[PDB]
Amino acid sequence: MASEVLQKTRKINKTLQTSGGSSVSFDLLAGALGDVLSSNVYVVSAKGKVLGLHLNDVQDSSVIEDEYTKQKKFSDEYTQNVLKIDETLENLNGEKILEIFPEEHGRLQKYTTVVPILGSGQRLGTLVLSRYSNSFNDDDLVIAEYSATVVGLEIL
C-alpha cells in the first residue's frame, strides 16, 4: 500500500490533471444578470460544465455535482438538448419546456430563455435564464445576448 502522503498526492494530482485545480468562473457575471433579471442564471460550457451560476430560486437548480469529479455540470440530456438550439429561444413555457428540459414537471409556469454562446463563430456554451411570473422582453434579450457574447470572448 502506498504511503499516506503518496495516496493523498495522487488524489490532489488527479484533481489537477483533470482541471488545473483552476477553473474559469463567470459567477460575478451570472450574479449581476441574476439581479437585473430576477432569474436563475446558468453559464454552461458546450461539454456541460457549469461555469457560472446564480440562483434566484435555489429549489429549481438543474446543477448536478459529478459524484466522481465534484465538477458542477448539467446532465447529459440537458447538455445535448441545449446544443440543439442554434439561435436565441425566448420565453419557453409551460409544457414546451419539457421538449428541451424533460425533468421540469413542477416548474412549467416559468419563463426560460436559452442563448447560444458563440466565440469566433463557434458554439462554446449556452446561457440559460429562467424566472417566474414575467416573460422576458427585448430589453432583457439585449442584456442576455451581449452578456453571452462577452462570455464567448472570454472562453474563445
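From 1 onward, residues are counted along the sequence shown.
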Q.
Tell me which stretch, 14-22 or 141-149, has the higher mean Cα B-factor listed in the entry.
A. 14-22
Q: Between 117-125 and 101-109, name whichever shows the higher mean Cα B factor according to the PDB entry.
A: 101-109
Q. Which third, lowest, middle or highest, does the CA B-factor of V44 fall in along this chain?
A. lowest
Q) Taking the C-alpha B-factors as the PDB entry records them, is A30 in the lowest, middle or highest third of its chain? A) lowest
Q | Entry-reported Cα temperature factor of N93, expressed as the chain third it lands in | A | highest
Q: Sort the modelled residues of this chain by their C-alpha B factor and say whether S62 lands in the lowest, middle or highest third.
A: middle
Q. Once the chain's modelled residues are ordered by C-alpha B factor and cut into thirds, is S130 in the lowest, middle or highest one?
A. middle
